[PDB]
Structures are given as structure tokens and as C-alpha cells.
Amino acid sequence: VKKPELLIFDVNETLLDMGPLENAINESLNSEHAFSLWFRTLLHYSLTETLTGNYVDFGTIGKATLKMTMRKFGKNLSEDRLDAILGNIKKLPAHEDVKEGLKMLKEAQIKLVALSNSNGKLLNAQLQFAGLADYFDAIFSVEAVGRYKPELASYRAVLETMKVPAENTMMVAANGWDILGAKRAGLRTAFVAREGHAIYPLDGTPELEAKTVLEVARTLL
């Protein structure tokens, strides 16, 4: 297996453990499925904004979709409490396997960049809290392209900025849709089979599948 010159990592879920946010939403709305439905609504409306020719920072869409989601569960939380629950987006620790995996990949002289739906400032706060900022040569926000993943221009902007062609770049994501987008932008793909995440069965099969970022690092080395 040929080594990629450049690795692009999804941040939310792929690298960051959503637990603190997932638990805060699930227990405030009194359901294990509350977080899943909200996040999928957030991702849906993020793609709605892009297809309607508009951009809204991820945090803002998050708050709007959380207000919509809380009503389906019969709850009506105060704005103080919504802000407190969302605040957990900035306090997501790294998955236990990521730091070893990244250390291994950076040591093998592979360029490591992040590409997140989070706006520039949120992405910085997220990676500083988890202590992952120093592993990456560059951190790309969709603010820095105007359009949410998995729009093809998001991946291609990272390629042309890092001066690495598509065929020498591998996308690392825990999201079927992020695999699908990268794959259609010409990139190699590594799916991180984190709990409660599936491969998109309609031509969304990645080049590699592994259970942790460490496992992805090992398979490439």
C-alpha cells in the first residue's frame, strides 16, 4: 500500500469524543436518541444553508436545530440551559487512540491537516482543549471556503493549498458522507468505525476501514 503525502482529518467524532455534548443533550431531553436526531438535523440544515446560497457558523445552526429538536421531546429549555449544553462543543476531549495515531503518522513524515465544519474560532478552541492543535501543519475551517462538507470545493481547496495532488491525499473520517465527498473529489479514504456510525452503502465504500485512528496509522505503516 502506497503512503499518502497528505492526511486530511474530520474533527468532530473522527478525532473528538462527542460524549460530554451527547450526554448533556440526551439527559436534558430525556432520551438516548436526542443527540443523534439533533446532530443529523444540524448536518441537514448546514447542507440546506449551502444549497440555498447562504453560510451560517456551525454553532449558530446548532442552537437553532437544538431549539427545534427539544420540542419533539416535549421539553422547553431556557436559553441559559441551551447555551450551557452547547458549551460542551468547546470541551470535547480527544478519543484515547488519536494522539498515538497522529504522533506515529507525523513521525513517518506525513503532512497532517484538519478539515472541520466548525468555524475558525470554534475549531481553534476545540483542538486547544483536546491538545491536538500541535499535531497539524494546517487547520482548515469551512468558513475559509464558505461551503460545508461534503461539497467537493472544500476538499480541493485543502489539496491546492497544501500543494499535494488528490491521488496522494487520504481523507480520514468517521462519517459516511465525508468519505463519499472526499472519494468524489478524487481522494483516497479511511473510515474510522466509531460507535453508531455506518458506511454509506451507495458507492461510499472507503479504501481502508479501521476501528481507531491508531489502527488507521498502523495499517498505513
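Numbering starts at 1 and runs along the sequence shown.
Mean C-alpha temperature factor, higher of 71-79 and 85-93: Per the PDB entry, the higher value belongs to 71-79.
query: With respect to the recorded C-alpha B factors, which stretch has the higher mean value, 26-34 or 61-69?
result: According to the PDB entry, the answer is 26-34.
query: Within this chain, which third does the Cα B-factor at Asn175 fall in: lowest, middle or highest?
result: Middle third by C-alpha B-factor.
task: Consider only the C-alpha atoms of the modelled residues in this chain, order them by B-factor as the entry records it, and name the third containing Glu107: lowest, middle or highest.
output: Within its chain, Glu107 is a highest-third residue by C-alpha B-factor, going by the deposited values.
task: Rank-wise, by C-alpha B-factor, drop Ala210 into the lowest, middle or highest third of its chain.
output: Its C-alpha B-factor belongs to the highest third of this chain's values.
- request: Tell me, lowest, middle or highest third: where does the Cα B factor of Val164 rank within its chain?
  value: According to the entry, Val164 has a C-alpha B-factor in the chain's middle third.
- request: Sort the modelled residues of this chain by their C-alpha B factor and say whether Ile8 lands in the lowest, middle or highest third.
  value: Tercile = lowest for this residue's CA B-factor.
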